[PDB]
$ cat structure-v4.pdb   # PDB, C-alpha atoms and all ligand atoms
ATOM      1  CA  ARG J   1     -24.479  24.894  22.832
ATOM      2  CA  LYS J   2     -24.676  24.485  19.044
ATOM      3  CA  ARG J   3     -23.186  27.497  17.263
ATOM      4  CA  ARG J   4     -24.012  27.464  13.564
ATOM      5  CA  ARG J   5     -24.022  29.541  10.417
ATOM      6  CA  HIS J   6     -27.292  30.944   9.049
ATOM      7  CA  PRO J   7     -27.789  31.112   5.266
ATOM      8  CA  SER J   8     -29.193  34.384   3.938
ATOM      9  CA  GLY J   9     -30.222  34.294   0.250
TER      10      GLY J   9
ATOM     11  CA  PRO H   1     -12.221  36.302 -22.210
ATOM     12  CA  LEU H   2     -12.411  35.020 -18.626
ATOM     13  CA  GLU H   3     -10.492  31.730 -18.795
ATOM     14  CA  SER H   4      -7.358  33.393 -20.225
ATOM     15  CA  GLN H   5      -6.870  36.296 -17.800
ATOM     16  CA  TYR H   6      -7.139  34.180 -14.626
ATOM     17  CA  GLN H   7      -5.943  30.795 -13.415
ATOM     18  CA  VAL H   8      -9.010  29.281 -11.748
ATOM     19  CA  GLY H   9      -8.374  27.189  -8.660
ATOM     20  CA  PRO H  10     -10.514  24.881  -6.544
ATOM     21  CA  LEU H  11     -13.620  25.884  -4.628
ATOM     22  CA  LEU H  12     -13.429  28.055  -1.511
ATOM     23  CA  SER H  13     -19.838  29.342  -5.681
ATOM     24  CA  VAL H  14     -16.501  31.058  -5.043
ATOM     25  CA  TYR H  15     -13.202  29.736  -6.400
ATOM     26  CA  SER H  16      -9.612  30.538  -5.561
ATOM     27  CA  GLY H  17      -7.781  32.226  -8.395
ATOM     28  CA  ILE H  18      -4.662  34.051  -9.496
ATOM     29  CA  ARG H  19      -4.637  36.923 -11.978
ATOM     30  CA  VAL H  20      -2.226  35.832 -14.718
ATOM     31  CA  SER H  21      -1.361  39.471 -15.475
ATOM     32  CA  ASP H  22       0.524  39.757 -12.169
ATOM     33  CA  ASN H  23      -0.057  36.610 -10.014
ATOM     34  CA  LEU H  24      -2.449  38.580  -7.783
ATOM     35  CA  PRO H  25      -4.692  36.420  -5.556
ATOM     36  CA  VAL H  26      -8.362  36.771  -6.499
ATOM     37  CA  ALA H  27     -11.702  35.240  -5.569
ATOM     38  CA  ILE H  28     -13.906  34.229  -8.504
ATOM     39  CA  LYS H  29     -17.592  34.419  -7.565
ATOM     40  CA  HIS H  30     -20.233  32.999  -9.917
ATOM     41  CA  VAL H  31     -23.851  34.174  -9.709
ATOM     42  CA  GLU H  32     -26.546  32.433 -11.746
ATOM     43  CA  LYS H  33     -28.832  34.804 -13.640
ATOM     44  CA  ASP H  34     -31.980  32.857 -12.744
ATOM     45  CA  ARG H  35     -31.460  33.399  -8.993
ATOM     46  CA  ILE H  36     -30.760  37.150  -9.143
ATOM     47  CA  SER H  37     -33.295  39.178  -7.152
ATOM     48  CA  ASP H  38     -32.713  42.837  -8.072
ATOM     49  CA  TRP H  39     -31.102  44.310 -11.187
ATOM     50  CA  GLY H  40     -29.601  47.714 -11.852
ATOM     51  CA  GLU H  41     -27.808  49.680 -14.541
ATOM     52  CA  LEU H  42     -24.384  51.311 -14.541
ATOM     53  CA  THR H  43     -25.686  48.216 -19.167
ATOM     54  CA  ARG H  44     -27.918  45.863 -17.173
ATOM     55  CA  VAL H  45     -26.081  44.072 -14.348
ATOM     56  CA  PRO H  46     -26.967  42.428 -11.033
ATOM     57  CA  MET H  47     -27.519  44.887  -8.208
ATOM     58  CA  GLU H  48     -24.542  43.269  -6.461
ATOM     59  CA  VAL H  49     -22.242  44.561  -9.208
ATOM     60  CA  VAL H  50     -23.753  48.057  -8.948
ATOM     61  CA  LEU H  51     -23.159  48.180  -5.191
ATOM     62  CA  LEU H  52     -19.642  46.729  -5.423
ATOM     63  CA  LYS H  53     -18.649  49.351  -8.006
ATOM     64  CA  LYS H  54     -20.068  52.171  -5.883
ATOM     65  CA  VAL H  55     -18.019  51.095  -2.847
ATOM     66  CA  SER H  56     -14.852  50.190  -4.766
ATOM     67  CA  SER H  57     -12.064  52.649  -3.920
ATOM     68  CA  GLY H  58      -8.877  52.946  -1.874
ATOM     69  CA  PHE H  59     -10.649  52.198   1.411
ATOM     70  CA  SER H  60      -9.567  48.712   2.480
ATOM     71  CA  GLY H  61     -12.599  48.007   4.697
ATOM     72  CA  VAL H  62     -14.827  46.626   1.938
ATOM     73  CA  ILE H  63     -14.046  43.887  -0.560
ATOM     74  CA  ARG H  64     -12.852  45.335  -3.866
ATOM     75  CA  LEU H  65     -14.460  44.227  -7.137
ATOM     76  CA  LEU H  66     -11.560  43.995  -9.586
ATOM     77  CA  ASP H  67     -13.512  42.992 -12.711
ATOM     78  CA  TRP H  68     -16.650  41.217 -13.863
ATOM     79  CA  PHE H  69     -17.842  39.247 -16.890
ATOM     80  CA  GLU H  70     -21.236  38.326 -18.294
ATOM     81  CA  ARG H  71     -21.854  34.771 -19.481
ATOM     82  CA  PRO H  72     -25.042  33.417 -21.099
ATOM     83  CA  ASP H  73     -26.449  32.025 -17.830
ATOM     84  CA  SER H  74     -24.400  33.839 -15.167
ATOM     85  CA  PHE H  75     -22.193  36.729 -14.114
ATOM     86  CA  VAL H  76     -18.648  36.194 -12.854
ATOM     87  CA  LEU H  77     -17.207  38.540 -10.229
ATOM     88  CA  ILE H  78     -13.450  38.924  -9.775
ATOM     89  CA  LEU H  79     -12.902  39.994  -6.168
ATOM     90  CA  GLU H  80      -9.710  40.687  -4.270
ATOM     91  CA  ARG H  81      -8.468  37.843  -2.070
ATOM     92  CA  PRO H  82      -6.387  38.714   0.997
ATOM     93  CA  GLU H  83      -4.014  36.058   2.272
ATOM     94  CA  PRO H  84      -3.809  34.833   4.885
ATOM     95  CA  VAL H  85      -7.468  35.228   5.900
ATOM     96  CA  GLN H  86     -10.110  33.685   8.095
ATOM     97  CA  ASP H  87     -13.687  34.856   8.235
ATOM     98  CA  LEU H  88     -14.899  36.220  11.550
ATOM     99  CA  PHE H  89     -17.340  33.333  12.051
ATOM    100  CA  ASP H  90     -14.604  30.681  12.026
ATOM    101  CA  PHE H  91     -12.385  33.023  14.049
ATOM    102  CA  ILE H  92     -14.971  33.285  16.839
ATOM    103  CA  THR H  93     -15.753  29.558  16.692
ATOM    104  CA  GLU H  94     -12.106  28.652  17.238
ATOM    105  CA  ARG H  95     -11.191  31.301  19.814
ATOM    106  CA  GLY H  96     -14.528  31.653  21.619
ATOM    107  CA  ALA H  97     -15.648  34.964  23.084
ATOM    108  CA  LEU H  98     -13.130  37.663  22.171
ATOM    109  CA  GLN H  99     -11.373  39.965  24.615
ATOM    110  CA  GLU H 100     -13.151  43.320  24.626
ATOM    111  CA  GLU H 101      -9.985  45.038  23.385
ATOM    112  CA  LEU H 102     -10.024  42.793  20.317
ATOM    113  CA  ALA H 103     -13.807  43.096  19.897
ATOM    114  CA  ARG H 104     -13.463  46.896  20.117
ATOM    115  CA  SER H 105     -10.889  46.968  17.320
ATOM    116  CA  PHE H 106     -12.882  44.594  15.095
ATOM    117  CA  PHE H 107     -16.212  46.321  15.753
ATOM    118  CA  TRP H 108     -14.696  49.741  15.088
ATOM    119  CA  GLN H 109     -13.361  48.573  11.732
ATOM    120  CA  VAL H 110     -16.790  47.185  10.792
ATOM    121  CA  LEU H 111     -18.391  50.521  11.702
ATOM    122  CA  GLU H 112     -15.939  52.394   9.473
ATOM    123  CA  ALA H 113     -16.608  49.963   6.616
ATOM    124  CA  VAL H 114     -20.388  50.230   6.958
ATOM    125  CA  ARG H 115     -20.127  54.032   7.121
ATOM    126  CA  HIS H 116     -18.123  53.816   3.899
ATOM    127  CA  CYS H 117     -20.937  51.807   2.306
ATOM    128  CA  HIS H 118     -23.565  54.324   3.401
ATOM    129  CA  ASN H 119     -21.397  57.252   2.249
ATOM    130  CA  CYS H 120     -21.265  55.606  -1.193
ATOM    131  CA  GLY H 121     -25.052  55.167  -1.251
ATOM    132  CA  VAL H 122     -24.980  51.427  -0.493
ATOM    133  CA  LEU H 123     -26.889  49.468   2.165
ATOM    134  CA  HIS H 124     -25.332  46.062   2.862
ATOM    135  CA  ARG H 125     -28.341  44.386   4.593
ATOM    136  CA  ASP H 126     -26.367  41.289   5.616
ATOM    137  CA  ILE H 127     -23.855  42.365   8.267
ATOM    138  CA  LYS H 128     -22.736  39.265  10.181
ATOM    139  CA  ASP H 129     -19.547  37.509  11.235
ATOM    140  CA  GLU H 130     -19.752  35.192   8.199
ATOM    141  CA  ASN H 131     -19.529  38.237   5.898
ATOM    142  CA  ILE H 132     -16.362  39.690   7.474
ATOM    143  CA  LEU H 133     -12.835  38.642   6.513
ATOM    144  CA  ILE H 134      -9.838  39.123   8.803
ATOM    145  CA  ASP H 135      -6.489  39.947   7.222
ATOM    146  CA  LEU H 136      -4.486  38.003   9.795
ATOM    147  CA  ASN H 137      -1.189  39.763   9.048
ATOM    148  CA  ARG H 138      -2.394  43.363   8.734
ATOM    149  CA  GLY H 139      -5.187  43.133  11.324
ATOM    150  CA  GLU H 140      -7.640  44.683   8.838
ATOM    151  CA  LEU H 141     -11.259  43.566   8.439
ATOM    152  CA  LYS H 142     -13.117  43.423   5.125
ATOM    153  CA  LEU H 143     -16.882  43.355   4.579
ATOM    154  CA  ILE H 144     -17.919  40.890   1.846
ATOM    155  CA  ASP H 145     -20.989  39.514   0.034
ATOM    156  CA  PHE H 146     -23.188  42.379  -1.172
ATOM    157  CA  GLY H 147     -25.671  39.829  -2.600
ATOM    158  CA  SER H 148     -28.464  41.017  -0.284
ATOM    159  CA  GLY H 149     -27.704  44.732  -0.528
ATOM    160  CA  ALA H 150     -29.621  47.641  -1.981
ATOM    161  CA  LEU H 151     -29.139  51.274  -2.829
ATOM    162  CA  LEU H 152     -29.314  53.304   0.362
ATOM    163  CA  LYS H 153     -32.588  55.223   0.637
ATOM    164  CA  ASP H 154     -34.310  57.094   3.458
ATOM    165  CA  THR H 155     -37.769  55.625   2.813
ATOM    166  CA  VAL H 156     -39.128  52.355   4.145
ATOM    167  CA  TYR H 157     -37.881  48.983   2.896
ATOM    168  CA  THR H 158     -40.494  46.249   2.441
ATOM    169  CA  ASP H 159     -38.195  43.520   1.046
ATOM    170  CA  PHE H 160     -35.342  41.685   2.770
ATOM    171  CA  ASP H 161     -33.211  38.660   1.859
ATOM    172  CA  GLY H 162     -30.374  38.888   4.410
ATOM    173  CA  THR H 163     -29.906  36.718   7.494
ATOM    174  CA  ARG H 164     -33.015  36.449   9.647
ATOM    175  CA  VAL H 165     -31.277  36.031  13.022
ATOM    176  CA  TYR H 166     -29.592  39.389  12.340
ATOM    177  CA  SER H 167     -32.810  41.066  11.081
ATOM    178  CA  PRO H 168     -34.576  43.596  13.311
ATOM    179  CA  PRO H 169     -37.867  43.054  15.154
ATOM    180  CA  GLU H 170     -39.727  45.586  12.995
ATOM    181  CA  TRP H 171     -38.935  43.302  10.055
ATOM    182  CA  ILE H 172     -40.120  40.228  11.962
ATOM    183  CA  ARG H 173     -43.333  41.877  13.167
ATOM    184  CA  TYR H 174     -44.313  44.184  10.301
ATOM    185  CA  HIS H 175     -42.075  43.290   7.308
ATOM    186  CA  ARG H 176     -40.799  46.871   7.143
ATOM    187  CA  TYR H 177     -37.627  48.650   8.252
ATOM    188  CA  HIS H 178     -35.422  51.649   7.565
ATOM    189  CA  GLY H 179     -31.877  51.094   6.369
ATOM    190  CA  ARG H 180     -29.595  52.668   8.963
ATOM    191  CA  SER H 181     -31.567  51.604  12.041
ATOM    192  CA  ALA H 182     -31.847  48.034  10.769
ATOM    193  CA  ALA H 183     -28.079  48.120  10.180
ATOM    194  CA  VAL H 184     -27.466  49.260  13.761
ATOM    195  CA  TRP H 185     -29.572  46.347  15.018
ATOM    196  CA  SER H 186     -27.455  43.852  13.064
ATOM    197  CA  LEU H 187     -24.351  45.520  14.506
ATOM    198  CA  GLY H 188     -25.750  44.956  17.981
ATOM    199  CA  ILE H 189     -26.143  41.270  17.123
ATOM    200  CA  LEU H 190     -22.569  41.215  15.805
ATOM    201  CA  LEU H 191     -21.099  42.893  18.881
ATOM    202  CA  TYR H 192     -22.859  40.477  21.249
ATOM    203  CA  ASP H 193     -21.614  37.652  19.010
ATOM    204  CA  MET H 194     -18.053  38.978  19.378
ATOM    205  CA  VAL H 195     -18.005  39.350  23.167
ATOM    206  CA  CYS H 196     -20.157  36.310  24.036
ATOM    207  CA  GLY H 197     -19.023  33.788  21.414
ATOM    208  CA  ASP H 198     -22.374  33.378  19.653
ATOM    209  CA  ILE H 199     -25.385  35.435  18.562
ATOM    210  CA  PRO H 200     -28.053  36.211  21.221
ATOM    211  CA  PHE H 201     -31.233  35.199  19.349
ATOM    212  CA  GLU H 202     -32.161  32.153  17.278
ATOM    213  CA  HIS H 203     -35.989  32.339  17.107
ATOM    214  CA  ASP H 204     -38.393  35.115  16.127
ATOM    215  CA  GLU H 205     -39.871  35.257  19.634
ATOM    216  CA  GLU H 206     -36.386  36.033  20.976
ATOM    217  CA  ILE H 207     -35.823  38.739  18.341
ATOM    218  CA  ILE H 208     -39.031  40.586  19.226
ATOM    219  CA  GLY H 209     -38.911  39.772  22.946
ATOM    220  CA  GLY H 210     -36.560  42.600  23.882
ATOM    221  CA  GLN H 211     -34.428  40.879  26.541
ATOM    222  CA  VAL H 212     -30.665  40.399  26.233
ATOM    223  CA  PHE H 213     -29.054  37.824  28.529
ATOM    224  CA  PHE H 214     -25.257  37.801  28.721
ATOM    225  CA  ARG H 215     -23.718  34.322  28.782
ATOM    226  CA  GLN H 216     -20.178  35.692  29.306
ATOM    227  CA  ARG H 217     -18.537  38.291  31.497
ATOM    228  CA  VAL H 218     -19.065  41.540  29.572
ATOM    229  CA  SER H 219     -18.319  45.019  30.918
ATOM    230  CA  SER H 220     -21.215  47.270  31.936
ATOM    231  CA  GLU H 221     -20.096  49.759  29.275
ATOM    232  CA  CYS H 222     -20.160  47.163  26.481
ATOM    233  CA  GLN H 223     -23.466  45.672  27.694
ATOM    234  CA  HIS H 224     -25.004  49.151  27.542
ATOM    235  CA  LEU H 225     -23.880  49.685  23.937
ATOM    236  CA  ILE H 226     -25.221  46.281  22.875
ATOM    237  CA  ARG H 227     -28.579  46.887  24.551
ATOM    238  CA  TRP H 228     -28.769  50.324  22.949
ATOM    239  CA  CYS H 229     -28.141  48.873  19.467
ATOM    240  CA  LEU H 230     -30.788  46.218  20.223
ATOM    241  CA  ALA H 231     -33.513  48.647  21.282
ATOM    242  CA  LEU H 232     -36.871  47.300  20.101
ATOM    243  CA  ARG H 233     -38.021  50.651  18.697
ATOM    244  CA  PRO H 234     -35.858  51.684  15.710
ATOM    245  CA  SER H 235     -35.799  55.363  16.714
ATOM    246  CA  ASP H 236     -34.407  54.410  20.151
ATOM    247  CA  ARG H 237     -31.287  52.959  18.537
ATOM    248  CA  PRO H 238     -28.054  54.976  18.408
ATOM    249  CA  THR H 239     -26.810  56.623  15.252
ATOM    250  CA  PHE H 240     -23.429  55.521  13.936
ATOM    251  CA  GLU H 241     -21.987  58.706  15.444
ATOM    252  CA  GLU H 242     -23.424  57.841  18.864
ATOM    253  CA  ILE H 243     -21.980  54.324  18.586
ATOM    254  CA  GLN H 244     -18.487  55.596  17.805
ATOM    255  CA  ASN H 245     -18.729  58.276  20.520
ATOM    256  CA  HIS H 246     -19.861  55.680  23.081
ATOM    257  CA  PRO H 247     -17.518  55.304  26.109
ATOM    258  CA  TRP H 248     -16.848  51.632  25.321
ATOM    259  CA  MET H 249     -15.545  52.542  21.844
ATOM    260  CA  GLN H 250     -12.731  54.852  22.992
ATOM    261  CA  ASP H 251      -8.980  54.215  22.615
ATOM    262  CA  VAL H 252      -9.354  51.683  19.809
ATOM    263  CA  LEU H 253      -6.268  49.794  18.673
ATOM    264  CA  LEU H 254      -4.770  50.483  15.277
ATOM    265  CA  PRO H 255      -5.087  47.590  12.801
ATOM    266  CA  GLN H 256      -1.372  46.757  13.002
ATOM    267  CA  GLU H 257      -1.408  46.884  16.810
ATOM    268  CA  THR H 258      -4.399  44.530  16.683
ATOM    269  CA  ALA H 259      -2.481  42.043  14.525
ATOM    270  CA  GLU H 260       0.686  42.192  16.640
ATOM    271  CA  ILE H 261      -1.201  41.794  19.924
ATOM    272  CA  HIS H 262      -3.974  39.368  18.977
ATOM    273  CA  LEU H 263      -3.300  37.727  15.595
ATOM    274  CA  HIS H 264       0.427  37.019  15.171
TER     275      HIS H 264
HETATM  276  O1  LIG J 301     -19.272  37.238  -1.804
HETATM  277  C1  LIG J 301     -18.230  38.016  -1.694
HETATM  278  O2  LIG J 301     -18.272  39.229  -1.866
HETATM  279  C2  LIG J 301     -16.948  37.340  -1.354
HETATM  280  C3  LIG J 301     -16.863  35.958  -1.214
HETATM  281  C4  LIG J 301     -15.642  35.349  -0.982
HETATM  282  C5  LIG J 301     -14.475  36.097  -0.889
HETATM  283  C6  LIG J 301     -13.116  35.431  -0.913
HETATM  284  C7  LIG J 301     -12.617  34.670   0.288
HETATM  285  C8  LIG J 301     -11.336  34.324   0.478
HETATM  286  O3  LIG J 301     -11.147  33.550   1.597
HETATM  287  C9  LIG J 301     -12.393  33.410   2.149
HETATM  288  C10 LIG J 301     -12.697  32.700   3.286
HETATM  289  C11 LIG J 301     -14.027  32.670   3.687
HETATM  290  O4  LIG J 301     -14.369  31.966   4.807
HETATM  291  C12 LIG J 301     -15.004  33.346   2.955
HETATM  292  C13 LIG J 301     -14.659  34.051   1.811
HETATM  293  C14 LIG J 301     -13.334  34.085   1.391
HETATM  294  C15 LIG J 301     -14.574  37.476  -0.974
HETATM  295  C16 LIG J 301     -15.788  38.091  -1.215
END
$ encode --input "structure-v4.pdb" --output "C-alpha cells"
Amino acid sequence: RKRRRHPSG
Amino acid sequence: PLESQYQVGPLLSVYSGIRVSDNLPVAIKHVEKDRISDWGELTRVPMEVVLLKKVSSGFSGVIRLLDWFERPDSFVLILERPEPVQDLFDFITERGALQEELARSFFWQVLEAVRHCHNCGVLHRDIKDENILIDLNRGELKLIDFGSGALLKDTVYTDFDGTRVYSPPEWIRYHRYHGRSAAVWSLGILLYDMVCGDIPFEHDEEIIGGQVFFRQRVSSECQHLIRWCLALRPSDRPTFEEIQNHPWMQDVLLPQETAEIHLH
C-alpha cells in the first residue's frame, strides 16, 4: 500500500 | 545583515545553517512575499512570524524562532535545528506501525505542544507527522511549520490551507470549522497514523463517511480514543482534557525514557 506525503500550502 | 551572521548550508525552501556567533545549528526558512496568505503586525510581517513569536519560549515542544529578516521579495526565518533529528513521517515509514507505548509517548508530547500553542493564542491548523520532528537523543518531539496557522479564535473559520487528508469532515462538507475541534480531528488522524503505520483516509468520501477500519492490531482502549477524536460531529469530539484523561493515555513515558527504550 502506497504511503505518501500530502502537501498543504 | 543575514549573510554575515550565519553560515548557510545546502538545502534540507529550508537550508541547513550554523550561527557564526556560537556555531549553533539553525534552519534557514525562506518564504516568498508573493505567496503569503495572511499578514499580521507585531511592523507588518507574515502571520507565520506572528504565531512563531507568540509560541516562542522555554517550552521545547514547539520549534523556536531565533530571528527573522525582511528582504525585498521574501522573509527569512532563522529556526532552531535539533540534531540528530528525523521527522515523524520518515520515522513511521521506516519503522512501520509504532508500539503503543511509543505512540503514547509521542502523542502525549504532541498534545502538550498543541496545548502550548492554544495557550499562546495560536492555532496550528496543519498537525501531521510531516510537521513533527523527533529529537532522537532526547526523545523530545517538536511541532514545526506554522505556515498554515492562524490566531486562535472561538468563532467559525471559513478558510483553510493545511493538509486535506487531516482536515475534518465539517470542512469537507461545509467549508467551516472551529479551531479546537478541528485540531482534535487531526490528532485522531495522527494517532491512527502512529499505531497503524499510515493515515486512515485518502479521499473526501472516506473523511465524511464516518467508518474507521484498523489495519493493524490496536488495543480496544486506543481504538476507542481514535474513534472518539474522529467523531463526525465536532461537538462529539473529546476536549484536550478528555484526551489526556483517557485510559489509554495513562502512565506515559518520560522523554528520556522514550529515547533510551525506543530511539537509542
Ligand atoms: O517550517 C518550519 O517551521 C521548519 C522547517 C524545517 C525545520 C528544520 C529541520 C531540520 O531537520 C529537518 C528534517 C525534516 O524532515 C524536516 C525539517 C527539518 C524546522 C522548522
$ atom_distance --input "structure-v4.pdb" --atom1 "CA of residue 111 in chain H" --atom2 "CA of residue 59 in chain H"
13.0 Å
$ closest_atom_pairs --input "structure-v4.pdb" --of "chain H" --to "chain J" --cutoff "6 Å" --atoms "all atoms listed in the file" --output "CSV"
residue,atom,partner,partner_atom,distance
H:161,CA,J:9,CA,5.5
H:162,CA,J:8,CA,4.7
H:163,CA,J:8,CA,4.3
$ residues_near_ligand --input "structure-v4.pdb" --ligand "ligand LIG 301 (chain J)" --cutoff "10 Å" --atoms "only C-alpha atoms and all ligand atoms" --output "ChimeraX atom specification"
/H:12-17,25-31,48-49,52,62-65,77-91,129-135,142-147
$ residues_around --input "structure-v4.pdb" --residues "residue 229 in chain H" --least-positions-apart "6" --cutoff "6 Å" --atoms "only C-alpha atoms" --output "number ranges by chain"
H: 184-185, 188, 237
$ closest_residue --input "structure-v4.pdb" --among "H:234, H:47, H:117, H:214" --to "residue 171 in chain H" --atoms "all atoms listed in the file"
H:234
$ axis_aligned_box --input "structure-v4.pdb" --around "range 206-209 of chain H" --padding-each-side "8 Å" --output "JSON"
{"center_x": -37.4, "center_y": 38.3, "center_z": 20.6, "size_x": 19.2, "size_y": 20.6, "size_z": 20.6}
$ atom_distance --input "structure-v4.pdb" --atom1 "CA of residue 167 in chain H" --atom2 "CA of residue 203 in chain H"
11.1 Å
$ resolve_selection --input "structure-v4.pdb" --expression "the PyMOL selection byres (((chain H and resi 139) around 8) and not hetatm)" --output "list in words"
residues 134, 135, 136, 137, 138, 140, 141, 255, 256, 257, 258, 259, 260 and 263 of chain H
$ residues_around --input "structure-v4.pdb" --residues "residue 34 in chain H" --least-positions-apart "4" --cutoff "12 Å" --atoms "all atoms listed in the file" --output "VMD selection string"
chain H and resid 38 to 39 46 72 to 75
$ atom_distance --input "structure-v4.pdb" --atom1 "CA of residue 246 in chain H" --atom2 "CA of residue 206 in chain H"
25.8 Å
$ resolve_selection --input "structure-v4.pdb" --expression "the PyMOL selection byres (((chain H and resi 126) around 7) and not hetatm)" --output "list in words"
residues 124, 125, 127, 128, 148, 162 and 163 of chain H
$ decode --input "structure-v4.pdb" --residues "range 3-21 of chain H" --atoms "N, CA, C and O atoms" --output "PDB file, in the first residue's frame"
ATOM      1  N   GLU H   3      23.680  37.419   5.622  1.00  0.00           N
ATOM      2  CA  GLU H   3      24.753  36.551   5.150  1.00  0.00           C
ATOM      3  C   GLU H   3      25.952  36.527   6.090  1.00  0.00           C
ATOM      4  O   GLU H   3      26.746  35.582   6.033  1.00  0.00           O
ATOM      5  N   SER H   4      26.101  37.532   6.954  1.00  0.00           N
ATOM      6  CA  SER H   4      27.257  37.615   7.839  1.00  0.00           C
ATOM      7  C   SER H   4      27.061  36.869   9.152  1.00  0.00           C
ATOM      8  O   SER H   4      28.024  36.307   9.687  1.00  0.00           O
ATOM      9  N   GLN H   5      25.841  36.852   9.685  1.00  0.00           N
ATOM     10  CA  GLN H   5      25.598  36.262  10.995  1.00  0.00           C
ATOM     11  C   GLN H   5      25.451  34.746  10.946  1.00  0.00           C
ATOM     12  O   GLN H   5      25.549  34.095  11.992  1.00  0.00           O
ATOM     13  N   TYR H   6      25.227  34.170   9.767  1.00  0.00           N
ATOM     14  CA  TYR H   6      25.009  32.740   9.627  1.00  0.00           C
ATOM     15  C   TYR H   6      25.820  32.196   8.462  1.00  0.00           C
ATOM     16  O   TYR H   6      26.024  32.875   7.451  1.00  0.00           O
ATOM     17  N   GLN H   7      26.286  30.960   8.621  1.00  0.00           N
ATOM     18  CA  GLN H   7      26.892  30.206   7.532  1.00  0.00           C
ATOM     19  C   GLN H   7      25.803  29.333   6.920  1.00  0.00           C
ATOM     20  O   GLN H   7      25.319  28.393   7.560  1.00  0.00           O
ATOM     21  N   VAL H   8      25.398  29.658   5.696  1.00  0.00           N
ATOM     22  CA  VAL H   8      24.295  28.959   5.046  1.00  0.00           C
ATOM     23  C   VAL H   8      24.817  27.670   4.429  1.00  0.00           C
ATOM     24  O   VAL H   8      25.841  27.667   3.737  1.00  0.00           O
ATOM     25  N   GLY H   9      24.115  26.571   4.681  1.00  0.00           N
ATOM     26  CA  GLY H   9      24.486  25.294   4.123  1.00  0.00           C
ATOM     27  C   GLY H   9      23.585  24.891   2.976  1.00  0.00           C
ATOM     28  O   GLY H   9      22.817  25.697   2.440  1.00  0.00           O
ATOM     29  N   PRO H  10      23.674  23.632   2.565  1.00  0.00           N
ATOM     30  CA  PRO H  10      22.809  23.141   1.490  1.00  0.00           C
ATOM     31  C   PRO H  10      21.363  23.008   1.947  1.00  0.00           C
ATOM     32  O   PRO H  10      21.017  23.162   3.121  1.00  0.00           O
ATOM     33  N   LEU H  11      20.513  22.708   0.970  1.00  0.00           N
ATOM     34  CA  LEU H  11      19.088  22.522   1.182  1.00  0.00           C
ATOM     35  C   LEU H  11      18.831  21.405   2.193  1.00  0.00           C
ATOM     36  O   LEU H  11      19.688  20.555   2.454  1.00  0.00           O
ATOM     37  N   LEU H  12      17.632  21.418   2.768  1.00  0.00           N
ATOM     38  CA  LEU H  12      17.208  20.370   3.693  1.00  0.00           C
ATOM     39  C   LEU H  12      16.101  19.523   3.075  1.00  0.00           C
ATOM     40  O   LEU H  12      16.321  18.829   2.082  1.00  0.00           O
ATOM     41  N   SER H  13      11.601  25.583   1.051  1.00  0.00           N
ATOM     42  CA  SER H  13      12.915  26.204   0.925  1.00  0.00           C
ATOM     43  C   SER H  13      13.577  26.408   2.281  1.00  0.00           C
ATOM     44  O   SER H  13      13.605  27.518   2.811  1.00  0.00           O
ATOM     45  N   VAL H  14      14.117  25.330   2.837  1.00  0.00           N
ATOM     46  CA  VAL H  14      14.786  25.357   4.130  1.00  0.00           C
ATOM     47  C   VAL H  14      16.214  24.878   3.932  1.00  0.00           C
ATOM     48  O   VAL H  14      16.442  23.850   3.284  1.00  0.00           O
ATOM     49  N   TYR H  15      17.168  25.618   4.493  1.00  0.00           N
ATOM     50  CA  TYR H  15      18.583  25.314   4.359  1.00  0.00           C
ATOM     51  C   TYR H  15      19.186  25.023   5.724  1.00  0.00           C
ATOM     52  O   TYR H  15      18.786  25.607   6.736  1.00  0.00           O
ATOM     53  N   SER H  16      20.151  24.110   5.745  1.00  0.00           N
ATOM     54  CA  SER H  16      20.951  23.915   6.942  1.00  0.00           C
ATOM     55  C   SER H  16      21.819  25.142   7.176  1.00  0.00           C
ATOM     56  O   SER H  16      22.228  25.829   6.237  1.00  0.00           O
ATOM     57  N   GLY H  17      22.092  25.424   8.443  1.00  0.00           N
ATOM     58  CA  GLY H  17      22.887  26.591   8.765  1.00  0.00           C
ATOM     59  C   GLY H  17      23.495  26.483  10.141  1.00  0.00           C
ATOM     60  O   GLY H  17      23.056  25.694  10.983  1.00  0.00           O
ATOM     61  N   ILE H  18      24.525  27.294  10.356  1.00  0.00           N
ATOM     62  CA  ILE H  18      25.190  27.414  11.644  1.00  0.00           C
ATOM     63  C   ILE H  18      25.270  28.893  11.985  1.00  0.00           C
ATOM     64  O   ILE H  18      25.687  29.703  11.148  1.00  0.00           O
ATOM     65  N   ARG H  19      24.859  29.249  13.199  1.00  0.00           N
ATOM     66  CA  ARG H  19      25.014  30.622  13.665  1.00  0.00           C
ATOM     67  C   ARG H  19      26.483  30.895  13.967  1.00  0.00           C
ATOM     68  O   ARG H  19      27.071  30.251  14.840  1.00  0.00           O
ATOM     69  N   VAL H  20      27.075  31.854  13.247  1.00  0.00           N
ATOM     70  CA  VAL H  20      28.500  32.136  13.412  1.00  0.00           C
ATOM     71  C   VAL H  20      28.805  32.639  14.817  1.00  0.00           C
ATOM     72  O   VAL H  20      29.918  32.449  15.323  1.00  0.00           O
ATOM     73  N   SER H  21      27.831  33.277  15.474  1.00  0.00           N
ATOM     74  CA  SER H  21      28.068  33.823  16.807  1.00  0.00           C
ATOM     75  C   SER H  21      28.443  32.737  17.809  1.00  0.00           C
ATOM     76  O   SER H  21      29.164  33.010  18.775  1.00  0.00           O
TER      77      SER H  21
END
